[PDB]
>>> print(open('structure_19.txt').read())   # compact mmCIF, N, CA and C atoms
# COMPACT_ATOMS: atom_id res chain seq x y z
N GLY A 1 71.52 113.47 362.92
CA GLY A 1 70.78 113.36 364.16
C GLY A 1 69.28 113.42 363.95
N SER A 2 68.54 113.72 365.01
CA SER A 2 67.08 113.80 364.93
C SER A 2 66.57 115.02 365.68
N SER A 3 65.66 115.76 365.04
CA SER A 3 65.09 116.96 365.65
C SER A 3 63.91 116.60 366.55
N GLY A 4 62.88 116.01 365.96
CA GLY A 4 61.70 115.63 366.72
C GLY A 4 60.51 115.32 365.84
N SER A 5 59.60 116.28 365.73
CA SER A 5 58.40 116.11 364.92
C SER A 5 58.72 116.28 363.43
N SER A 6 58.61 115.19 362.68
CA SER A 6 58.90 115.21 361.25
C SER A 6 57.61 115.30 360.44
N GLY A 7 57.25 116.51 360.03
CA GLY A 7 56.04 116.70 359.25
C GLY A 7 56.29 117.49 357.98
N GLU A 8 56.97 116.88 357.02
CA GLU A 8 57.28 117.53 355.76
C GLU A 8 56.05 117.55 354.84
N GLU A 9 55.25 116.49 354.93
CA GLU A 9 54.05 116.38 354.11
C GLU A 9 52.83 116.07 354.98
N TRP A 10 51.69 115.85 354.32
CA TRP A 10 50.45 115.54 355.03
C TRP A 10 50.71 114.59 356.19
N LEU A 11 49.77 114.54 357.13
CA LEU A 11 49.90 113.67 358.29
C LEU A 11 49.13 112.37 358.09
N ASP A 12 49.80 111.25 358.35
CA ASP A 12 49.18 109.93 358.19
C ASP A 12 48.37 109.57 359.43
N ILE A 13 47.05 109.70 359.32
CA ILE A 13 46.16 109.39 360.43
C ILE A 13 46.16 107.89 360.73
N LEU A 14 46.05 107.08 359.68
CA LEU A 14 46.04 105.63 359.83
C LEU A 14 47.45 105.07 359.70
N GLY A 15 48.28 105.74 358.91
CA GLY A 15 49.65 105.29 358.71
C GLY A 15 49.88 104.73 357.32
N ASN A 16 48.84 104.13 356.74
CA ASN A 16 48.94 103.56 355.41
C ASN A 16 49.25 104.63 354.37
N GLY A 17 48.48 105.71 354.40
CA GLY A 17 48.69 106.80 353.46
C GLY A 17 47.40 107.27 352.82
N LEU A 18 46.38 106.42 352.85
CA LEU A 18 45.08 106.76 352.27
C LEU A 18 44.49 107.99 352.94
N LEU A 19 44.06 107.83 354.19
CA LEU A 19 43.48 108.93 354.95
C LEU A 19 44.56 109.86 355.49
N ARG A 20 44.60 111.08 354.99
CA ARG A 20 45.58 112.06 355.43
C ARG A 20 44.90 113.30 356.01
N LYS A 21 45.69 114.17 356.63
CA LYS A 21 45.17 115.39 357.23
C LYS A 21 46.12 116.56 357.00
N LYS A 22 45.56 117.73 356.74
CA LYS A 22 46.36 118.93 356.51
C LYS A 22 45.75 120.14 357.22
N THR A 23 46.37 120.55 358.32
CA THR A 23 45.89 121.70 359.08
C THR A 23 45.99 122.98 358.27
N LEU A 24 44.85 123.48 357.80
CA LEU A 24 44.82 124.71 357.02
C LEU A 24 44.98 125.93 357.91
N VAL A 25 44.28 125.93 359.04
CA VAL A 25 44.34 127.03 359.98
C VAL A 25 44.25 126.54 361.42
N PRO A 26 45.34 126.72 362.18
CA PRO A 26 45.41 126.30 363.58
C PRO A 26 44.52 127.14 364.49
N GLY A 27 44.14 126.58 365.63
CA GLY A 27 43.29 127.30 366.56
C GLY A 27 44.09 127.98 367.66
N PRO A 28 43.38 128.68 368.56
CA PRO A 28 44.01 129.40 369.67
C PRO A 28 44.58 128.45 370.72
N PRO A 29 45.40 129.00 371.63
CA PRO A 29 46.02 128.22 372.70
C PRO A 29 45.02 127.75 373.75
N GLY A 30 43.86 128.41 373.78
CA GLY A 30 42.83 128.04 374.73
C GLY A 30 42.01 126.85 374.28
N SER A 31 41.80 126.74 372.97
CA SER A 31 41.02 125.65 372.41
C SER A 31 41.68 124.30 372.72
N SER A 32 40.97 123.22 372.40
CA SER A 32 41.48 121.88 372.65
C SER A 32 40.63 120.83 371.93
N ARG A 33 41.16 119.62 371.83
CA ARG A 33 40.45 118.53 371.17
C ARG A 33 39.19 118.15 371.95
N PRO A 34 38.09 117.91 371.21
CA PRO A 34 36.81 117.53 371.81
C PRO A 34 36.84 116.13 372.40
N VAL A 35 35.66 115.63 372.78
CA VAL A 35 35.55 114.30 373.36
C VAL A 35 34.72 113.38 372.47
N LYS A 36 34.98 112.08 372.56
CA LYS A 36 34.25 111.10 371.77
C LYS A 36 32.95 110.70 372.46
N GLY A 37 31.82 111.05 371.84
CA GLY A 37 30.53 110.72 372.40
C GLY A 37 29.66 111.95 372.62
N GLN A 38 30.12 113.09 372.13
CA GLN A 38 29.39 114.34 372.27
C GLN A 38 28.96 114.88 370.91
N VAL A 39 28.16 115.94 370.93
CA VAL A 39 27.68 116.56 369.69
C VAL A 39 28.71 117.53 369.13
N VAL A 40 29.31 117.16 368.00
CA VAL A 40 30.31 118.00 367.36
C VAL A 40 29.78 118.60 366.06
N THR A 41 29.86 119.92 365.95
CA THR A 41 29.39 120.61 364.76
C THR A 41 30.55 121.18 363.96
N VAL A 42 30.71 120.70 362.73
CA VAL A 42 31.78 121.16 361.86
C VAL A 42 31.26 121.45 360.45
N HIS A 43 32.17 121.86 359.57
CA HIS A 43 31.80 122.16 358.19
C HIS A 43 32.54 121.25 357.22
N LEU A 44 31.85 120.24 356.71
CA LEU A 44 32.44 119.30 355.77
C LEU A 44 31.98 119.59 354.35
N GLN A 45 32.92 119.58 353.41
CA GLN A 45 32.61 119.85 352.01
C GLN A 45 33.28 118.82 351.11
N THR A 46 32.47 117.99 350.46
CA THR A 46 32.98 116.96 349.56
C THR A 46 33.21 117.52 348.16
N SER A 47 34.36 117.18 347.58
CA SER A 47 34.70 117.65 346.24
C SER A 47 35.62 116.65 345.54
N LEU A 48 35.35 116.42 344.26
CA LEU A 48 36.15 115.49 343.47
C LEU A 48 37.60 115.97 343.36
N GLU A 49 38.52 115.02 343.30
CA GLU A 49 39.94 115.34 343.19
C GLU A 49 40.17 116.42 342.14
N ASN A 50 39.30 116.46 341.14
CA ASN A 50 39.41 117.44 340.06
C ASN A 50 38.92 118.81 340.52
N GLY A 51 37.76 118.82 341.17
CA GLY A 51 37.20 120.07 341.65
C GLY A 51 35.70 120.15 341.45
N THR A 52 35.03 119.00 341.51
CA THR A 52 33.59 118.94 341.33
C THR A 52 32.87 118.73 342.66
N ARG A 53 32.54 119.83 343.33
CA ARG A 53 31.85 119.76 344.61
C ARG A 53 30.61 118.88 344.52
N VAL A 54 30.62 117.77 345.25
CA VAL A 54 29.49 116.84 345.25
C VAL A 54 28.42 117.28 346.23
N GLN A 55 28.86 117.79 347.39
CA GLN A 55 27.93 118.24 348.42
C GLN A 55 28.57 119.33 349.28
N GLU A 56 27.74 120.02 350.06
CA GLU A 56 28.23 121.08 350.93
C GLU A 56 27.39 121.17 352.20
N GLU A 57 27.95 120.71 353.32
CA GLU A 57 27.25 120.74 354.60
C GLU A 57 27.83 121.81 355.51
N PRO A 58 27.12 122.94 355.62
CA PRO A 58 27.54 124.07 356.45
C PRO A 58 27.45 123.75 357.94
N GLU A 59 26.31 123.21 358.35
CA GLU A 59 26.09 122.86 359.75
C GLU A 59 26.01 121.35 359.93
N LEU A 60 27.15 120.68 359.83
CA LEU A 60 27.21 119.23 359.98
C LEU A 60 27.34 118.84 361.44
N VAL A 61 26.39 118.03 361.92
CA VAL A 61 26.40 117.58 363.31
C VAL A 61 26.36 116.06 363.39
N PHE A 62 27.02 115.51 364.40
CA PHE A 62 27.06 114.06 364.59
C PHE A 62 27.57 113.71 365.99
N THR A 63 27.40 112.45 366.37
CA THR A 63 27.83 111.99 367.68
C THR A 63 29.18 111.29 367.60
N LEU A 64 30.25 112.04 367.84
CA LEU A 64 31.60 111.48 367.80
C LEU A 64 31.68 110.17 368.57
N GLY A 65 32.32 109.17 367.96
CA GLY A 65 32.46 107.88 368.61
C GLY A 65 31.40 106.89 368.16
N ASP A 66 30.64 107.27 367.14
CA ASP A 66 29.58 106.41 366.62
C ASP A 66 29.70 106.27 365.10
N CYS A 67 30.80 106.77 364.55
CA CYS A 67 31.03 106.71 363.11
C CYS A 67 29.78 107.10 362.34
N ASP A 68 29.05 108.08 362.86
CA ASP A 68 27.83 108.55 362.22
C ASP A 68 28.15 109.37 360.97
N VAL A 69 29.44 109.62 360.75
CA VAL A 69 29.88 110.38 359.59
C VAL A 69 31.02 109.68 358.87
N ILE A 70 31.47 110.27 357.77
CA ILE A 70 32.56 109.70 356.99
C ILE A 70 33.69 109.22 357.89
N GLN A 71 34.39 108.18 357.45
CA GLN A 71 35.50 107.63 358.23
C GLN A 71 36.70 108.56 358.20
N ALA A 72 36.69 109.50 357.26
CA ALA A 72 37.79 110.46 357.13
C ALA A 72 37.48 111.75 357.89
N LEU A 73 36.26 111.86 358.39
CA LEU A 73 35.84 113.04 359.14
C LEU A 73 35.77 112.75 360.63
N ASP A 74 35.15 111.63 360.98
CA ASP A 74 35.02 111.23 362.38
C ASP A 74 36.38 110.86 362.97
N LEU A 75 37.30 110.46 362.11
CA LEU A 75 38.64 110.08 362.54
C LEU A 75 39.58 111.29 362.54
N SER A 76 39.07 112.42 362.07
CA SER A 76 39.86 113.65 362.01
C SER A 76 39.37 114.66 363.05
N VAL A 77 38.07 114.66 363.30
CA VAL A 77 37.48 115.57 364.27
C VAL A 77 38.26 115.57 365.58
N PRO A 78 38.43 114.38 366.17
CA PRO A 78 39.16 114.21 367.42
C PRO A 78 40.66 114.45 367.26
N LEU A 79 41.06 114.83 366.05
CA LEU A 79 42.47 115.09 365.77
C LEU A 79 42.70 116.57 365.48
N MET A 80 41.71 117.40 365.83
CA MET A 80 41.81 118.84 365.61
C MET A 80 41.14 119.60 366.75
N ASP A 81 41.80 120.66 367.21
CA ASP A 81 41.27 121.48 368.29
C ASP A 81 40.11 122.34 367.81
N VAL A 82 39.21 122.67 368.73
CA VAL A 82 38.04 123.49 368.40
C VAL A 82 38.46 124.87 367.90
N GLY A 83 38.16 125.15 366.64
CA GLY A 83 38.51 126.44 366.06
C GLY A 83 39.66 126.34 365.08
N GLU A 84 40.06 125.11 364.76
CA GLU A 84 41.15 124.88 363.83
C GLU A 84 40.65 124.21 362.56
N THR A 85 40.91 124.84 361.41
CA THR A 85 40.48 124.30 360.13
C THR A 85 41.49 123.30 359.59
N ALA A 86 41.07 122.04 359.48
CA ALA A 86 41.94 120.99 358.97
C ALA A 86 41.28 120.23 357.83
N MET A 87 42.06 119.91 356.80
CA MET A 87 41.55 119.18 355.65
C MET A 87 41.89 117.70 355.74
N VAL A 88 41.14 116.88 355.01
CA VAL A 88 41.36 115.44 355.01
C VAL A 88 41.18 114.85 353.62
N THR A 89 42.13 114.03 353.20
CA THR A 89 42.07 113.40 351.88
C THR A 89 42.26 111.89 351.98
N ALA A 90 41.16 111.16 351.91
CA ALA A 90 41.21 109.70 351.99
C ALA A 90 40.54 109.06 350.78
N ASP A 91 40.93 107.83 350.47
CA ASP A 91 40.37 107.11 349.33
C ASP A 91 38.88 106.88 349.52
N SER A 92 38.15 106.82 348.41
CA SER A 92 36.70 106.61 348.46
C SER A 92 36.34 105.60 349.54
N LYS A 93 37.13 104.54 349.65
CA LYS A 93 36.89 103.50 350.64
C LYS A 93 36.51 104.11 351.98
N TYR A 94 37.27 105.10 352.42
CA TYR A 94 37.01 105.77 353.69
C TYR A 94 35.94 106.85 353.53
N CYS A 95 35.76 107.32 352.30
CA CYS A 95 34.77 108.35 352.01
C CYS A 95 33.37 107.75 351.96
N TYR A 96 33.09 106.98 350.91
CA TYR A 96 31.79 106.36 350.75
C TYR A 96 31.92 104.85 350.56
N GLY A 97 33.00 104.44 349.90
CA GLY A 97 33.23 103.02 349.67
C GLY A 97 33.48 102.71 348.20
N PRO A 98 34.08 101.54 347.94
CA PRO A 98 34.39 101.09 346.58
C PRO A 98 33.14 100.75 345.78
N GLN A 99 31.97 100.95 346.40
CA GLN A 99 30.70 100.66 345.74
C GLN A 99 30.04 101.94 345.25
N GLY A 100 30.37 103.06 345.88
CA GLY A 100 29.80 104.33 345.49
C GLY A 100 28.71 104.79 346.43
N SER A 101 28.13 105.95 346.15
CA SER A 101 27.07 106.51 346.98
C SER A 101 25.75 106.55 346.22
N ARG A 102 24.70 106.98 346.90
CA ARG A 102 23.38 107.07 346.29
C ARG A 102 22.99 108.53 346.03
N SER A 103 22.74 109.27 347.10
CA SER A 103 22.36 110.67 346.99
C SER A 103 22.89 111.47 348.18
N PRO A 104 23.92 112.29 347.93
CA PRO A 104 24.51 112.43 346.60
C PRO A 104 25.28 111.18 346.18
N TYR A 105 25.31 110.92 344.87
CA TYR A 105 26.01 109.76 344.34
C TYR A 105 27.49 110.07 344.11
N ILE A 106 28.33 109.05 344.22
CA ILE A 106 29.76 109.21 344.02
C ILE A 106 30.39 107.94 343.45
N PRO A 107 31.34 108.11 342.52
CA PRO A 107 32.03 106.99 341.88
C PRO A 107 32.97 106.26 342.84
N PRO A 108 33.09 104.94 342.65
CA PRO A 108 33.95 104.10 343.49
C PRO A 108 35.44 104.38 343.26
N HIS A 109 36.26 104.04 344.25
CA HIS A 109 37.70 104.25 344.15
C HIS A 109 38.01 105.67 343.66
N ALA A 110 37.10 106.59 343.93
CA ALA A 110 37.27 107.98 343.52
C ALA A 110 37.51 108.88 344.73
N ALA A 111 38.78 109.16 345.02
CA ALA A 111 39.14 110.00 346.15
C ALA A 111 38.29 111.27 346.18
N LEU A 112 38.21 111.90 347.35
CA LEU A 112 37.43 113.12 347.51
C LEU A 112 38.05 114.03 348.56
N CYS A 113 38.20 115.30 348.22
CA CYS A 113 38.78 116.28 349.14
C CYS A 113 37.73 116.81 350.10
N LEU A 114 37.93 116.56 351.39
CA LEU A 114 37.00 117.02 352.41
C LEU A 114 37.68 117.97 353.39
N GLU A 115 37.07 119.14 353.59
CA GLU A 115 37.62 120.14 354.49
C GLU A 115 36.83 120.18 355.80
N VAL A 116 37.46 119.72 356.88
CA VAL A 116 36.82 119.70 358.19
C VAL A 116 37.15 120.96 358.98
N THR A 117 36.16 121.50 359.67
CA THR A 117 36.35 122.70 360.47
C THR A 117 35.59 122.61 361.79
N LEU A 118 36.33 122.39 362.87
CA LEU A 118 35.73 122.28 364.20
C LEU A 118 35.30 123.65 364.72
N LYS A 119 34.00 123.85 364.82
CA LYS A 119 33.46 125.12 365.30
C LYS A 119 33.19 125.06 366.80
N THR A 120 32.31 124.15 367.21
CA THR A 120 31.97 123.98 368.61
C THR A 120 31.60 122.54 368.93
N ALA A 121 31.87 122.12 370.16
CA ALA A 121 31.57 120.76 370.59
C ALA A 121 30.89 120.75 371.96
N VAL A 122 29.64 120.31 371.99
CA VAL A 122 28.88 120.25 373.23
C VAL A 122 28.09 118.95 373.33
N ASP A 123 27.36 118.79 374.43
CA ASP A 123 26.57 117.59 374.66
C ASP A 123 25.14 117.78 374.13
N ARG A 124 24.64 119.00 374.25
CA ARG A 124 23.29 119.31 373.79
C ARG A 124 23.22 119.31 372.27
N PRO A 125 22.07 118.87 371.73
CA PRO A 125 21.85 118.81 370.28
C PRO A 125 21.72 120.20 369.66
N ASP A 126 22.00 120.29 368.36
CA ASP A 126 21.91 121.55 367.64
C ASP A 126 20.63 121.63 366.83
N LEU A 127 20.31 120.55 366.13
CA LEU A 127 19.10 120.50 365.31
C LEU A 127 17.89 120.11 366.15
N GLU A 128 17.05 121.09 366.47
CA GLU A 128 15.86 120.85 367.26
C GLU A 128 14.88 119.94 366.51
N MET A 129 13.86 119.46 367.22
CA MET A 129 12.86 118.59 366.63
C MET A 129 13.48 117.68 365.57
N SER A 130 14.56 116.99 365.95
CA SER A 130 15.25 116.09 365.04
C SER A 130 16.00 115.01 365.81
N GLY A 131 16.03 113.81 365.25
CA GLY A 131 16.72 112.71 365.89
C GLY A 131 16.32 111.36 365.33
N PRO A 132 17.13 110.33 365.61
CA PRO A 132 16.87 108.97 365.13
C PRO A 132 15.67 108.33 365.82
N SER A 133 15.10 107.32 365.17
CA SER A 133 13.93 106.62 365.72
C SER A 133 14.00 105.13 365.42
N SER A 134 13.22 104.35 366.16
CA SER A 134 13.19 102.90 365.98
C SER A 134 12.20 102.51 364.89
N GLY A 135 12.69 101.78 363.89
CA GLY A 135 11.83 101.35 362.80
C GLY A 135 12.62 100.81 361.62
>>> encode(input="structure_19.txt", output="structure tokens")
Amino acid sequence: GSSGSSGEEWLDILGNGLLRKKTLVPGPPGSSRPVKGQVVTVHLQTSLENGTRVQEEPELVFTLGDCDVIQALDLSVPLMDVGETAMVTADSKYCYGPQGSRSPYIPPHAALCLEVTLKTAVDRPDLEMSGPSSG
């Protein structure tokens, strides 16, 4: 027969298998998934499949719904409730690309372990005296 939710292994966000998600720590019953188009602040940490931390962003902020961040992070944020620590493992393609990065630099086709943590989601900006400009 069939029980219902079949989650023996990581969760397929896209379905292919590249970009996956693993809830490390679930949030409270009061929390809930944020909205696309608001200021979401989480903690993303890039690390080589081996264990070579490439970067560490404690206060990562971006505008959900604008792909202003990694394709494995912006596609996971809206897949986790505020206060729930979830990890994501996608191929470089979704991370930086088959071409690599600049600074920090990263090798192509080189998967990277990223740990997403939804802290708070609001409309108001977090980083004062900061923002994009025309030029």
>>> select_by_dssp(input="structure_19.txt", residues="chain A", states="alpha helix (DSSP H)", output="VMD selection string")
chain A and resid 92 to 95
>>> closest_atom_pairs(input="structure_19.txt", of="stretch 57-115 of chain A", to="stretch 36-45 of chain A", cutoff="8 Å", atoms="all atoms listed in the file", output="tab-separated table")
residue	atom	partner	partner_atom	distance
A:57	N	A:44	C	4.3
A:58	C	A:43	CA	4.6
A:59	C	A:42	C	5.3
A:60	C	A:42	N	4.1
A:61	CA	A:40	C	4.5
A:62	C	A:40	N	4.4
A:63	CA	A:38	C	4.5
A:64	C	A:37	N	3.4
A:65	N	A:37	N	4.3
A:66	N	A:37	N	6.1
A:73	CA	A:44	CA	7.9
A:78	CA	A:36	N	7.0
A:112	C	A:45	C	7.2
A:113	C	A:45	C	5.0
A:114	CA	A:45	C	4.3
A:115	N	A:45	N	4.2
>>> select_by_dssp(input="structure_19.txt", residues="stretch 1-134 of chain A", states="strand (DSSP E or B)", output="MDAnalysis selection string")
chainID A and resid 11:12 20:25 39:48 53:63 85:90 112:122
>>> atom_distance(input="structure_19.txt", atom1="atom N of residue A:106", atom2="atom CA of residue A:21")
22.2 Å
>>> atom_distance(input="structure_19.txt", atom1="atom CA of residue A:27", atom2="atom CA of residue A:84")
4.2 Å
>>> residues_around(input="structure_19.txt", residues="residue A:97", least_positions_apart="5", cutoff="8 Å", atoms="only C-alpha atoms", output="list in words")
residues 92, 108 and 109 of chain A
>>> write_last_selection(input="structure_19.txt", atoms="N, CA and C atoms", output="short mmCIF file (atom, residue, chain, number, x, y, z; two decimals), in the frame of the given file")
data_model
loop_
_atom_site.label_atom_id
_atom_site.label_comp_id
_atom_site.auth_asym_id
_atom_site.auth_seq_id
_atom_site.Cartn_x
_atom_site.Cartn_y
_atom_site.Cartn_z
N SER A 92 38.15 106.82 348.41
CA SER A 92 36.70 106.61 348.46
C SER A 92 36.34 105.60 349.54
N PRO A 108 33.09 104.94 342.65
CA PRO A 108 33.95 104.10 343.49
C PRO A 108 35.44 104.38 343.26
N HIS A 109 36.26 104.04 344.25
CA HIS A 109 37.70 104.25 344.15
C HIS A 109 38.01 105.67 343.66
#
>>> axis_aligned_box(input="structure_19.txt", around="stretch 114-130 of chain A", padding_each_side="4 Å", output="lines of an AutoDock Vina configuration file")
center_x = 25.4
center_y = 120.1
center_z = 363.0
size_x = 33.1
size_y = 18.1
size_z = 31.3
>>> residues_near_point(input="structure_19.txt", point="(42.3, 117.6, 365.9)", cutoff="12 Å", atoms="only C-alpha atoms", output="NGL selection string")
:A and (11 or 13 or 21-27 or 31-36 or 42 or 73-88 or 116-119)
>>> decode(input="structure_19.txt", residues="stretch 35-97 of chain A", atoms="C-alpha atoms", output="tab-separated table (two decimals), in the first residue's frame")
chain	number	residue	atom	x	y	z
A	35	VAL	CA	6.89	35.75	0.96
A	36	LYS	CA	8.55	36.31	-2.41
A	37	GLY	CA	9.53	39.95	-2.81
A	38	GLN	CA	10.50	40.85	0.75
A	39	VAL	CA	13.77	41.25	2.65
A	40	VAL	CA	14.89	37.84	3.92
A	41	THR	CA	17.88	37.52	6.24
A	42	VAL	CA	19.52	34.10	6.56
A	43	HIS	CA	22.91	32.49	7.19
A	44	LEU	CA	24.52	30.94	4.11
A	45	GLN	CA	27.88	29.16	4.29
A	46	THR	CA	29.64	27.85	1.19
A	47	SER	CA	31.95	24.85	1.59
A	48	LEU	CA	33.61	22.40	-0.80
A	49	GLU	CA	32.22	18.86	-0.88
A	50	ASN	CA	35.47	17.96	0.88
A	51	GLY	CA	35.25	20.59	3.60
A	52	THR	CA	36.97	23.73	2.35
A	53	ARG	CA	34.85	26.69	3.45
A	54	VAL	CA	34.99	29.15	0.55
A	55	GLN	CA	32.95	31.89	2.22
A	56	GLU	CA	30.84	32.64	5.30
A	57	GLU	CA	27.94	35.09	5.30
A	58	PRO	CA	26.48	35.56	8.81
A	59	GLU	CA	24.01	38.31	7.89
A	60	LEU	CA	22.97	37.47	4.33
A	61	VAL	CA	20.16	39.66	3.00
A	62	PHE	CA	18.37	39.67	-0.35
A	63	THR	CA	15.05	40.34	-2.09
A	64	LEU	CA	13.29	36.99	-2.48
A	65	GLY	CA	11.83	36.64	-5.97
A	66	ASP	CA	14.70	38.42	-7.70
A	67	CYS	CA	17.26	35.60	-7.72
A	68	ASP	CA	19.62	38.08	-6.05
A	69	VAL	CA	21.29	35.07	-4.44
A	70	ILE	CA	22.41	31.54	-5.30
A	71	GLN	CA	19.83	29.46	-7.18
A	72	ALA	CA	20.12	26.87	-4.41
A	73	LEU	CA	19.41	29.43	-1.69
A	74	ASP	CA	16.67	31.59	-3.19
A	75	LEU	CA	14.86	28.41	-4.22
A	76	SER	CA	15.18	27.02	-0.70
A	77	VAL	CA	14.36	30.10	1.38
A	78	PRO	CA	10.67	29.95	0.38
A	79	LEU	CA	10.83	26.23	1.18
A	80	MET	CA	11.63	26.69	4.87
A	81	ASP	CA	9.72	28.27	7.75
A	82	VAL	CA	11.20	31.19	9.67
A	83	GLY	CA	13.40	29.71	12.39
A	84	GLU	CA	14.12	26.40	10.69
A	85	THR	CA	17.67	25.44	9.73
A	86	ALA	CA	17.76	23.69	6.35
A	87	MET	CA	20.73	22.66	4.22
A	88	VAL	CA	21.00	22.63	0.42
A	89	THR	CA	23.31	20.69	-1.90
A	90	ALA	CA	23.21	21.59	-5.59
A	91	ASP	CA	25.69	21.26	-8.45
A	92	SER	CA	28.00	24.21	-9.13
A	93	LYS	CA	25.64	25.03	-12.00
A	94	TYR	CA	23.08	26.19	-9.43
A	95	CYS	CA	25.80	27.44	-7.09
A	96	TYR	CA	28.01	29.64	-9.27
A	97	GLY	CA	28.03	27.94	-12.66
